[PDB]
Amino acid sequence: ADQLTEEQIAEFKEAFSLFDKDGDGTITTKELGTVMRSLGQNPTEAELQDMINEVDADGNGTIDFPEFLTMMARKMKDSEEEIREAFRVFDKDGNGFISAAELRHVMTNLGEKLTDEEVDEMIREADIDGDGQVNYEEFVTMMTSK
Ligand SMILES: [Ca+2]
Ligand SMILES: [Ca+2]
Ligand SMILES: [Ca+2]
Ligand SMILES: [Ca+2]
């Protein structure tokens with residue numbers, strides 16, 4: 001159930017507005033296809049009717065904000081949870097920080113051999129305050145939800 005602040009809904013409503021081109025508050029297959037053709041996609045009509053249908057709670061044939069949002073919050077919510085759970089696997093001593101030895105050790109046990117250099121590269125494309133570690137905040141920014 002969408003608890004959400006005023007900011008992520010400002011994001012979700014923007015997300016919606018870009019789909020609802022003529023602004024009548026609902027997204028049609030024709031409006032969905034346009035967006036998707038725009039982003040380089042190649043869908044069929046049967047495909048679009050299929051997307052509009054799994055989210056069309058009231059079966060009227062178009063997606064409205066309420067319907068759009070229920071679904072976007074469920075997604076966003078499943079994602080935050082799997083990123084939260086992933087953090088738990090790397091941070092094996094619970095300190096709230098994933099260190100190189102942590103990441104290295106885990107990668108090894110995960111079916112992957114990495115060098116000292118490679119690990120530092122990973123724990124450095126995420127590290128925003130040069131301390132040699134990735135905390136949950138830094139981690140969540142790397143794994144932008146999904
Ligand atoms: Ca519309
Ligand atoms: Ca609907
Ligand atoms: Ca740790
Ligand atoms: Ca850090």
# chains A, B, ... in the order shown; residues from 1 in each chain; ligands from 1
>>> residues_near_ligand(ligand="ligand 3", cutoff="10 Å", atoms="only C-alpha atoms and all ligand atoms", output="number ranges by chain")
A: 87-103, 133-135
>>> write_last_selection(atoms="C-alpha atoms", output="mmCIF file, in the first residue's frame")
data_model
loop_
_atom_site.group_PDB
_atom_site.id
_atom_site.type_symbol
_atom_site.label_atom_id
_atom_site.label_comp_id
_atom_site.auth_asym_id
_atom_site.auth_seq_id
_atom_site.Cartn_x
_atom_site.Cartn_y
_atom_site.Cartn_z
ATOM 1 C CA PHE A 87 22.435 -5.135 0.860
ATOM 2 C CA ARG A 88 22.066 -7.710 3.554
ATOM 3 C CA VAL A 89 24.009 -10.360 1.577
ATOM 4 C CA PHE A 90 27.107 -8.239 1.004
ATOM 5 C CA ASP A 91 27.228 -6.609 4.449
ATOM 6 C CA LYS A 92 28.130 -9.820 6.369
ATOM 7 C CA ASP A 93 29.131 -8.299 9.687
ATOM 8 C CA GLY A 94 26.120 -5.978 9.899
ATOM 9 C CA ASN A 95 28.070 -2.767 10.299
ATOM 10 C CA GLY A 96 25.945 -0.970 7.684
ATOM 11 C CA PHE A 97 28.970 -0.712 5.312
ATOM 12 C CA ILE A 98 29.984 -3.083 2.398
ATOM 13 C CA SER A 99 33.805 -3.154 2.280
ATOM 14 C CA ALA A 100 36.104 -4.546 -0.415
ATOM 15 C CA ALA A 101 36.835 -7.681 1.623
ATOM 16 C CA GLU A 102 33.099 -8.163 1.950
ATOM 17 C CA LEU A 103 32.312 -7.726 -1.742
ATOM 18 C CA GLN A 133 32.992 1.668 1.497
ATOM 19 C CA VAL A 134 29.431 1.618 0.225
ATOM 20 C CA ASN A 135 26.702 2.257 2.778
#
>>> residues_near_ligand(ligand="ligand 4", cutoff="12 Å", atoms="only C-alpha atoms and all ligand atoms", output="PyMOL selection string")
chain A and resi 96-100+120+122-142
>>> write_last_selection(atoms="N, CA and C atoms", output="PDB file, in the first residue's frame")
ATOM      1  N   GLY A  96      26.544  -2.017   8.518  1.00  0.00           N
ATOM      2  CA  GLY A  96      25.945  -0.970   7.684  1.00  0.00           C
ATOM      3  C   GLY A  96      26.837  -0.446   6.549  1.00  0.00           C
ATOM      4  N   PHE A  97      28.007  -1.068   6.373  1.00  0.00           N
ATOM      5  CA  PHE A  97      28.970  -0.712   5.312  1.00  0.00           C
ATOM      6  C   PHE A  97      29.449  -2.005   4.591  1.00  0.00           C
ATOM      7  N   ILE A  98      29.482  -1.962   3.247  1.00  0.00           N
ATOM      8  CA  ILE A  98      29.984  -3.083   2.398  1.00  0.00           C
ATOM      9  C   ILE A  98      31.422  -2.668   2.081  1.00  0.00           C
ATOM     10  N   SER A  99      32.392  -3.457   2.551  1.00  0.00           N
ATOM     11  CA  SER A  99      33.805  -3.154   2.280  1.00  0.00           C
ATOM     12  C   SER A  99      34.273  -4.042   1.146  1.00  0.00           C
ATOM     13  N   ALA A 100      35.471  -3.758   0.650  1.00  0.00           N
ATOM     14  CA  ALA A 100      36.104  -4.546  -0.415  1.00  0.00           C
ATOM     15  C   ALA A 100      36.232  -6.028  -0.031  1.00  0.00           C
ATOM     16  N   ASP A 120      37.963  -2.839  -5.986  1.00  0.00           N
ATOM     17  CA  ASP A 120      38.100  -1.419  -5.685  1.00  0.00           C
ATOM     18  C   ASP A 120      37.342  -0.603  -6.711  1.00  0.00           C
ATOM     19  N   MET A 122      34.620  -1.549  -8.289  1.00  0.00           N
ATOM     20  CA  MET A 122      33.211  -1.695  -7.996  1.00  0.00           C
ATOM     21  C   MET A 122      32.860  -0.818  -6.796  1.00  0.00           C
ATOM     22  N   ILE A 123      33.574  -1.000  -5.685  1.00  0.00           N
ATOM     23  CA  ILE A 123      33.332  -0.201  -4.470  1.00  0.00           C
ATOM     24  C   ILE A 123      33.820   1.237  -4.614  1.00  0.00           C
ATOM     25  N   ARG A 124      33.857   1.758  -5.833  1.00  0.00           N
ATOM     26  CA  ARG A 124      34.326   3.123  -6.048  1.00  0.00           C
ATOM     27  C   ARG A 124      33.483   3.832  -7.106  1.00  0.00           C
ATOM     28  N   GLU A 125      32.652   3.061  -7.795  1.00  0.00           N
ATOM     29  CA  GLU A 125      31.738   3.628  -8.765  1.00  0.00           C
ATOM     30  C   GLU A 125      30.438   3.861  -7.992  1.00  0.00           C
ATOM     31  N   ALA A 126      30.430   3.472  -6.710  1.00  0.00           N
ATOM     32  CA  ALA A 126      29.271   3.624  -5.807  1.00  0.00           C
ATOM     33  C   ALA A 126      29.556   4.562  -4.612  1.00  0.00           C
ATOM     34  N   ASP A 127      30.817   4.573  -4.185  1.00  0.00           N
ATOM     35  CA  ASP A 127      31.320   5.358  -3.062  1.00  0.00           C
ATOM     36  C   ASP A 127      31.309   6.869  -3.318  1.00  0.00           C
ATOM     37  N   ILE A 128      30.373   7.595  -2.703  1.00  0.00           N
ATOM     38  CA  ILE A 128      30.283   9.060  -2.891  1.00  0.00           C
ATOM     39  C   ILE A 128      31.104   9.940  -1.895  1.00  0.00           C
ATOM     40  N   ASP A 129      31.590   9.340  -0.810  1.00  0.00           N
ATOM     41  CA  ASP A 129      32.407  10.045   0.205  1.00  0.00           C
ATOM     42  C   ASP A 129      33.756   9.327   0.459  1.00  0.00           C
ATOM     43  N   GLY A 130      34.522   9.084  -0.605  1.00  0.00           N
ATOM     44  CA  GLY A 130      35.822   8.418  -0.538  1.00  0.00           C
ATOM     45  C   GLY A 130      36.354   7.617   0.649  1.00  0.00           C
ATOM     46  N   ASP A 131      35.476   7.010   1.449  1.00  0.00           N
ATOM     47  CA  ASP A 131      35.881   6.216   2.621  1.00  0.00           C
ATOM     48  C   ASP A 131      36.218   4.734   2.353  1.00  0.00           C
ATOM     49  N   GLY A 132      36.139   4.343   1.084  1.00  0.00           N
ATOM     50  CA  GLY A 132      36.447   2.969   0.700  1.00  0.00           C
ATOM     51  C   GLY A 132      35.354   1.964   0.960  1.00  0.00           C
ATOM     52  N   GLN A 133      34.155   2.498   1.176  1.00  0.00           N
ATOM     53  CA  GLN A 133      32.992   1.668   1.497  1.00  0.00           C
ATOM     54  C   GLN A 133      31.724   2.262   0.943  1.00  0.00           C
ATOM     55  N   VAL A 134      30.769   1.365   0.762  1.00  0.00           N
ATOM     56  CA  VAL A 134      29.431   1.618   0.225  1.00  0.00           C
ATOM     57  C   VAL A 134      28.401   1.384   1.329  1.00  0.00           C
ATOM     58  N   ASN A 135      27.701   2.428   1.727  1.00  0.00           N
ATOM     59  CA  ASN A 135      26.702   2.257   2.778  1.00  0.00           C
ATOM     60  C   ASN A 135      25.380   2.097   2.064  1.00  0.00           C
ATOM     61  N   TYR A 136      24.292   1.886   2.792  1.00  0.00           N
ATOM     62  CA  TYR A 136      23.005   1.659   2.144  1.00  0.00           C
ATOM     63  C   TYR A 136      22.565   2.762   1.231  1.00  0.00           C
ATOM     64  N   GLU A 137      22.805   3.989   1.649  1.00  0.00           N
ATOM     65  CA  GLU A 137      22.436   5.145   0.854  1.00  0.00           C
ATOM     66  C   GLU A 137      23.188   5.081  -0.488  1.00  0.00           C
ATOM     67  N   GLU A 138      24.511   4.881  -0.426  1.00  0.00           N
ATOM     68  CA  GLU A 138      25.349   4.787  -1.635  1.00  0.00           C
ATOM     69  C   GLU A 138      24.890   3.590  -2.472  1.00  0.00           C
ATOM     70  N   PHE A 139      24.661   2.452  -1.824  1.00  0.00           N
ATOM     71  CA  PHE A 139      24.215   1.238  -2.505  1.00  0.00           C
ATOM     72  C   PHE A 139      22.925   1.458  -3.280  1.00  0.00           C
ATOM     73  N   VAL A 140      21.930   2.032  -2.601  1.00  0.00           N
ATOM     74  CA  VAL A 140      20.624   2.322  -3.188  1.00  0.00           C
ATOM     75  C   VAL A 140      20.755   3.243  -4.382  1.00  0.00           C
ATOM     76  N   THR A 141      21.756   4.119  -4.389  1.00  0.00           N
ATOM     77  CA  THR A 141      21.931   5.010  -5.532  1.00  0.00           C
ATOM     78  C   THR A 141      22.507   4.221  -6.709  1.00  0.00           C
ATOM     79  N   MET A 142      23.389   3.254  -6.451  1.00  0.00           N
ATOM     80  CA  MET A 142      23.947   2.438  -7.531  1.00  0.00           C
ATOM     81  C   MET A 142      22.782   1.651  -8.099  1.00  0.00           C
TER      82      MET A 142
END
>>> closest_atom_pairs(of="chain A", to="ligand 1", cutoff="7 Å", atoms="only C-alpha atoms and all ligand atoms", output="Markdown table")
| residue | atom | partner | partner_atom_place_in_ligand_line | distance |
| --- | --- | --- | --- | --- |
| A:20 | CA | ligand 1 | 1 (Ca) | 4.1 |
| A:21 | CA | ligand 1 | 1 (Ca) | 5.6 |
| A:22 | CA | ligand 1 | 1 (Ca) | 5.2 |
| A:23 | CA | ligand 1 | 1 (Ca) | 5.3 |
| A:24 | CA | ligand 1 | 1 (Ca) | 4.9 |
| A:25 | CA | ligand 1 | 1 (Ca) | 5.5 |
| A:26 | CA | ligand 1 | 1 (Ca) | 4.3 |
| A:27 | CA | ligand 1 | 1 (Ca) | 4.3 |
| A:28 | CA | ligand 1 | 1 (Ca) | 5.9 |
| A:31 | CA | ligand 1 | 1 (Ca) | 6.5 |
>>> residues_around(residues="residue 19 (chain A)", least_positions_apart="3", cutoff="12 Å", atoms="only C-alpha atoms", output="PyMOL selection string")
chain A and resi 12-16+22-39+52+62-65+68
>>> write_last_selection(atoms="N, CA and C atoms", output="tab-separated table (two decimals), in the first residue's frame")
chain	number	residue	atom	x	y	z
A	12	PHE	N	5.97	10.17	-10.09
A	12	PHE	CA	4.95	9.30	-10.69
A	12	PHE	C	3.94	10.03	-11.53
A	13	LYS	N	3.57	11.25	-11.13
A	13	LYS	CA	2.61	12.03	-11.87
A	13	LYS	C	3.26	12.61	-13.13
A	14	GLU	N	4.56	12.89	-13.05
A	14	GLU	CA	5.29	13.37	-14.22
A	14	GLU	C	5.33	12.18	-15.18
A	15	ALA	N	5.71	11.01	-14.66
A	15	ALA	CA	5.78	9.74	-15.42
A	15	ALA	C	4.50	9.48	-16.21
A	16	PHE	N	3.38	9.80	-15.56
A	16	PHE	CA	2.05	9.62	-16.10
A	16	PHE	C	1.74	10.66	-17.16
A	22	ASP	N	-2.58	14.17	-24.54
A	22	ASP	CA	-3.60	15.21	-24.67
A	22	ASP	C	-4.15	15.68	-23.34
A	23	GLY	N	-3.62	15.11	-22.25
A	23	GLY	CA	-4.01	15.47	-20.89
A	23	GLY	C	-5.45	15.34	-20.40
A	24	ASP	N	-6.17	14.29	-20.80
A	24	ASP	CA	-7.54	14.09	-20.36
A	24	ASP	C	-7.54	13.19	-19.15
A	25	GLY	N	-6.34	12.89	-18.66
A	25	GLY	CA	-6.21	12.09	-17.47
A	25	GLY	C	-6.22	10.60	-17.60
A	26	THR	N	-6.23	10.08	-18.83
A	26	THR	CA	-6.21	8.66	-19.01
A	26	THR	C	-5.23	8.36	-20.16
A	27	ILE	N	-4.61	7.19	-20.10
A	27	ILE	CA	-3.64	6.70	-21.11
A	27	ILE	C	-4.32	5.60	-21.97
A	28	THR	N	-4.38	5.83	-23.26
A	28	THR	CA	-4.99	4.92	-24.23
A	28	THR	C	-3.91	4.04	-24.91
A	29	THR	N	-4.32	3.01	-25.66
A	29	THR	CA	-3.31	2.18	-26.35
A	29	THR	C	-2.56	3.06	-27.35
A	30	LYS	N	-3.30	3.89	-28.07
A	30	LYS	CA	-2.70	4.79	-29.04
A	30	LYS	C	-1.71	5.72	-28.36
A	31	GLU	N	-2.02	6.19	-27.15
A	31	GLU	CA	-1.07	7.04	-26.45
A	31	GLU	C	0.08	6.20	-25.93
A	32	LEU	N	-0.17	4.96	-25.55
A	32	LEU	CA	0.94	4.14	-25.06
A	32	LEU	C	1.93	3.79	-26.21
A	33	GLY	N	1.38	3.38	-27.35
A	33	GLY	CA	2.20	3.06	-28.50
A	33	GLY	C	3.08	4.21	-28.97
A	34	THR	N	2.53	5.41	-28.99
A	34	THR	CA	3.28	6.61	-29.39
A	34	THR	C	4.55	6.76	-28.54
A	35	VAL	N	4.40	6.63	-27.23
A	35	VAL	CA	5.51	6.78	-26.31
A	35	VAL	C	6.53	5.72	-26.58
A	36	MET	N	6.05	4.50	-26.72
A	36	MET	CA	6.94	3.38	-26.98
A	36	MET	C	7.59	3.38	-28.37
A	37	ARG	N	6.90	3.92	-29.38
A	37	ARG	CA	7.48	4.02	-30.70
A	37	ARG	C	8.60	5.07	-30.52
A	38	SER	N	8.29	6.15	-29.81
A	38	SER	CA	9.26	7.21	-29.52
A	38	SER	C	10.57	6.71	-28.90
A	39	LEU	N	10.49	5.82	-27.91
A	39	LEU	CA	11.68	5.29	-27.26
A	39	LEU	C	12.33	4.17	-28.07
A	52	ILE	N	-2.17	-2.35	-21.37
A	52	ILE	CA	-3.30	-1.57	-20.85
A	52	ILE	C	-4.27	-2.44	-20.04
A	62	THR	N	-8.80	2.13	-20.48
A	62	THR	CA	-7.75	3.13	-20.45
A	62	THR	C	-7.21	3.12	-19.02
A	63	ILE	N	-5.97	3.59	-18.83
A	63	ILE	CA	-5.31	3.62	-17.50
A	63	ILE	C	-5.42	5.01	-16.93
A	64	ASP	N	-5.96	5.15	-15.73
A	64	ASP	CA	-6.08	6.50	-15.17
A	64	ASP	C	-5.02	6.64	-14.08
A	65	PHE	N	-4.90	7.80	-13.48
A	65	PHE	CA	-3.86	7.98	-12.50
A	65	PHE	C	-3.89	7.00	-11.38
A	68	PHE	N	-2.61	3.81	-12.62
A	68	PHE	CA	-1.22	3.94	-12.95
A	68	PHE	C	-0.39	3.86	-11.68
>>> residues_around(residues="residue 143 (chain A)", least_positions_apart="6", cutoff="10 Å", atoms="only C-alpha atoms", output="list in words")
residues 79, 80, 83, 86 and 126 of chain A
>>> residues_near_ligand(ligand="ligand 2", cutoff="7 Å", atoms="only C-alpha atoms and all ligand atoms", output="PyMOL selection string")
chain A and resi 56-64+67
>>> select_by_dssp(residues="chain A", states="helix (DSSP H, G or I)", output="PyMOL selection string")
chain A and resi 8-19+29-38+45-55+65-90+100-109+116-122+136-142
>>> atom_distance(atom1="CA of residue 51 (chain A)", atom2="CA of residue 4 (chain A)")
24.3 Å
>>> atom_distance(atom1="CA of residue 76 (chain A)", atom2="CA of residue 7 (chain A)")
13.4 Å
>>> select_by_dssp(residues="region 25-107 of chain A", states="strand (DSSP E)", output="number ranges by chain")
A: 26-27, 63-64, 97-98
>>> atom_distance(atom1="CA of residue 77 (chain A)", atom2="CA of residue 104 (chain A)")
28.7 Å
